[PDB]
Amino acid sequence: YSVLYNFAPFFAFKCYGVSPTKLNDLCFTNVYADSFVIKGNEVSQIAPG
Amino acid sequence: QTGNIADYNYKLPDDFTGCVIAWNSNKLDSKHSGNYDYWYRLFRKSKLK
Ligand SMILES: *[C@@H]1O[C@H](CO)[C@@H](O[C@@H]2O[C@H](CO)[C@@H](O)[C@H](O)[C@H]2NC(C)=O)[C@H](O)[C@H]1NC(C)=O
């Protein structure tokens, strides 16, 4: 998760389900990652509900 | 119990004695268009005694 932490300015880091700090040891099998490009305000508009 | 809420906010003692009362209260705790007056801390340095 260093690349997620150090690489790129990571302008958006907000999330509500699982803490991004107590995550290095936490371990799953599959993760659904989707990539797309938007402007500044849509990044903020990205949210649940 | 292990997790986030039971690990940072409220930890029941291992040698607990007594009773636990549970009942769903949707009308008295939720309202239309969101109700996030309540707060639970999922970020803590360590587990809670
Ligand atoms: C509340 O007092 C307790 C003393 O028992 C302390 O809480 C611990 O603080 C250490 C660091 O000083 C942490 O590593 C532990 O994880 C803490 N444990 C708990 C259960 O909080 C501290 O002095 C006070 N805690 C806070 C958050 O101010």
# chains A, B, ... in the order shown; residues from 1 in each chain; ligands from 1
$ interface_residues --of "chain A" --to "chain B" --cutoff "10 Å" --atoms "only C-alpha atoms" --output "PyMOL selection string"
chain A and resi 16-22+49
$ residues_around --residues "stretch 35-47 of chain A" --least-positions-apart "2" --cutoff "12 Å" --atoms "only C-alpha atoms" --output "NGL selection string"
:A and (10-17 or 32-33 or 49)
$ residues_near_ligand --ligand "ligand 1" --cutoff "10 Å" --atoms "only C-alpha atoms and all ligand atoms" --output "number ranges by chain"
B: 7-9, 11, 44-49
$ write_last_selection --atoms "N, CA and C atoms" --output "CSV table (one decimal), in the first residue's frame"
chain,number,residue,atom,x,y,z
B,7,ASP,N,-13.9,-2.6,19.3
B,7,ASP,CA,-12.5,-2.5,19.6
B,7,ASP,C,-12.1,-1.1,20.0
B,8,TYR,N,-12.8,-0.1,19.6
B,8,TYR,CA,-12.4,1.3,19.8
B,8,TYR,C,-13.5,2.1,20.7
B,9,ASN,N,-14.7,1.8,20.6
B,9,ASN,CA,-15.8,2.6,21.2
B,9,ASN,C,-16.3,1.9,22.5
B,11,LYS,N,-16.1,-1.8,24.6
B,11,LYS,CA,-15.6,-3.2,24.7
B,11,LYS,C,-16.3,-3.8,25.9
B,44,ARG,N,-8.6,4.4,16.1
B,44,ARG,CA,-8.0,4.5,17.4
B,44,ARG,C,-6.6,3.9,17.3
B,45,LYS,N,-5.7,4.3,18.3
B,45,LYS,CA,-4.3,3.9,18.3
B,45,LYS,C,-4.2,2.4,18.5
B,46,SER,N,-5.0,1.9,19.4
B,46,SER,CA,-5.0,0.4,19.8
B,46,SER,C,-6.4,0.0,20.1
B,47,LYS,N,-6.5,-1.3,20.6
B,47,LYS,CA,-7.7,-1.8,21.1
B,47,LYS,C,-8.1,-1.1,22.4
B,48,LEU,N,-9.4,-1.3,22.7
B,48,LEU,CA,-10.0,-0.6,23.9
B,48,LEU,C,-10.1,-1.6,25.1
B,49,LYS,N,-9.7,-1.2,26.3
B,49,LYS,CA,-9.9,-2.0,27.5
B,49,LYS,C,-11.4,-2.0,27.8
$ atom_distance --atom1 "atom CA of residue B:29" --atom2 "atom CA of residue B:12"
23.2 Å
$ atom_distance --atom1 "atom CA of residue B:37" --atom2 "atom CA of residue B:1"
25.6 Å
$ decode --residues "chain A" --atoms "C-alpha atoms" --output "CSV table (one decimal), in the first residue's frame"
chain,number,residue,atom,x,y,z
A,1,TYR,CA,0.0,0.0,0.0
A,2,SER,CA,3.0,2.3,-0.2
A,3,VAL,CA,2.2,3.1,-3.8
A,4,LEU,CA,-1.3,3.9,-2.7
A,5,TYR,CA,0.3,6.1,0.1
A,6,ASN,CA,3.4,7.7,-1.4
A,7,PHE,CA,3.0,7.5,-5.2
A,8,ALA,CA,0.9,10.4,-6.6
A,9,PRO,CA,-0.5,13.3,-4.6
A,10,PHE,CA,-3.6,11.1,-3.9
A,11,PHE,CA,-5.9,14.2,-3.9
A,12,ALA,CA,-8.8,11.9,-2.9
A,13,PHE,CA,-8.3,9.6,0.1
A,14,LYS,CA,-11.7,9.5,1.7
A,15,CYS,CA,-13.5,6.2,2.4
A,16,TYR,CA,-16.2,5.1,4.9
A,17,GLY,CA,-16.1,1.3,5.0
A,18,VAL,CA,-12.6,0.1,6.0
A,19,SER,CA,-9.9,2.3,7.6
A,20,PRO,CA,-7.0,2.8,5.2
A,21,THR,CA,-4.6,2.8,8.2
A,22,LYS,CA,-5.4,-0.6,9.7
A,23,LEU,CA,-5.3,-2.2,6.2
A,24,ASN,CA,-1.7,-3.4,5.5
A,25,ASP,CA,-2.2,-6.6,7.5
A,26,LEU,CA,-5.9,-6.9,6.5
A,27,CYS,CA,-6.1,-9.4,3.7
A,28,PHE,CA,-8.7,-10.4,1.1
A,29,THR,CA,-8.8,-12.4,-2.2
A,30,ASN,CA,-10.4,-10.2,-4.9
A,31,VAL,CA,-10.8,-6.4,-5.2
A,32,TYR,CA,-12.9,-4.7,-7.8
A,33,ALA,CA,-10.8,-1.7,-9.0
A,34,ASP,CA,-12.2,0.6,-11.7
A,35,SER,CA,-10.2,3.4,-13.3
A,36,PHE,CA,-11.5,6.5,-15.0
A,37,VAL,CA,-10.7,10.2,-15.4
A,38,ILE,CA,-12.9,13.1,-14.3
A,39,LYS,CA,-12.5,16.8,-13.3
A,40,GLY,CA,-11.9,18.2,-9.8
A,41,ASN,CA,-15.5,18.4,-8.6
A,42,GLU,CA,-16.6,15.0,-9.8
A,43,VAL,CA,-13.8,13.5,-7.5
A,44,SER,CA,-15.6,15.1,-4.6
A,45,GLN,CA,-19.0,14.1,-5.9
A,46,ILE,CA,-17.8,10.4,-5.8
A,47,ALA,CA,-19.5,9.1,-2.7
A,48,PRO,CA,-22.0,6.4,-1.5
A,49,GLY,CA,-25.6,7.6,-1.6
